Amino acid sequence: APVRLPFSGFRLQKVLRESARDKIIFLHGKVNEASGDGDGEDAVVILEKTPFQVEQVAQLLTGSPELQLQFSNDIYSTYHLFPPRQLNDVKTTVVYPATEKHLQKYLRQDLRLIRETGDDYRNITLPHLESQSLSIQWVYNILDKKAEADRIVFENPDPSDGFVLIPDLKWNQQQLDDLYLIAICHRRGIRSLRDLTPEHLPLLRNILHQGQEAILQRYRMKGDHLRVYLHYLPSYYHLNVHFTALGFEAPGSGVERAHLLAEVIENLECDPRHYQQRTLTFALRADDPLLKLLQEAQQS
C-alpha cells in the first residue's frame, strides 16, 4: 500500500549532482515551508533509473510496444520506447532532514588524490575525524533491532566477533545483477581500516566466510561471483564491509577507495601493524579542509 514523501512540498534549490551516464540525479529541496517559522527544512532526493530485467524486456519485445522512430537506415534504427508500468521503476532515496554535511558530500566531485602516512593519520586525520563523519545512528538501529530487522539476511550475534548482513541502501533487491549487501560488525568503536589489528582477524574471517556462505544459501550466488571489500575513507565510521556482484561495476569499487577483505585479512596475518604503519591512498574534494591540512603537512 503506497506512501508519500515523509514531508510536504519540495521546492528545488539545487541539483547537487547529475550524471547522464549513470542515469542518476541528486536534488536539494526546501520542504515543509508552510509551517512554523516559514523557512522549512532541507531534504535530499536521489533518483536513479533501474537495471533491466531481461525477461520482462524479452516479453515486451515479443508484442507491440509503444514506440517512436528516431533514426532509420537499412538494418540499423533507434526508437524511443515507452514501456508499461512494470519496467519503469525508479529507485528513490530521501535524506530528511538533510544536514550540511550531506549537502556537501553529494555535491560535484572535483576530486584530488592524497597519500596518507600512518603519521599524517595519527596527527592530522584522526583528530579531525568529526568533520569527515556522518551520524551512525542508522547503524545502531540495525544492530539494536530497531530498523530493518525483517531485512537481515544473516547474523553472527557474538558481541565481539559477530556482525549483521543486510541489503545495502543502494540495492532495490529486484534483481541479482546488481546484488549489493552490507555487513556491519556488532563490536563498537572500530572506525575504519586504520583501527584494524590481529585482534580483529576472527571478526574479519567471519564476515568474509559466513557472509559469503549466507549469500550462497540465500541467492545461490557463489563466492567467485562476489567482490568483497571495504572503503577508505568510509563515509560512516563504523567498520562496514560491502558484498557486490562481481559483474556489477559498483560505484566506489575503484582501487583508489576499495580494499578487498581477503587481502586485508592476509595483510594482518603477515604484518600485525600494517594498517597503523603503511600509507593509504584515497581521494578528497578539492576544497575539503582536510585535503589542505594534509597537503600542508607533506609539501613542506
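Numbering starts at 1 and runs along the sequence shown.
Just going by the entry, 25-33 versus 266-274 on mean CA temperature factor gives the higher value to 266-274.
In this entry, 112-120 has the higher mean Cα B-factor, the comparison being between 92-100 and 112-120. In this structure the maximum Cα B-factor among 211, 167, 127, 162 is found at 127. Per the PDB record, 70 has a higher Cα B-factor than any other of 235, 240, 70, 53. When the CA B factors of the chain's modelled residues are split into thirds, the value for residue 65 lands in the highest one.
Among the modelled residues of its chain, residue 225 has a C-alpha B-factor that falls in the lowest third, as given in the PDB entry. Among the modelled residues of its chain, residue 178 has a C-alpha B-factor that falls in the lowest third, as given in the PDB entry. Residue 156: CA B factor lies in the middle third for its chain, per the PDB record. In the PDB entry, residue 76 places in the highest third of its chain by CA B-factor.
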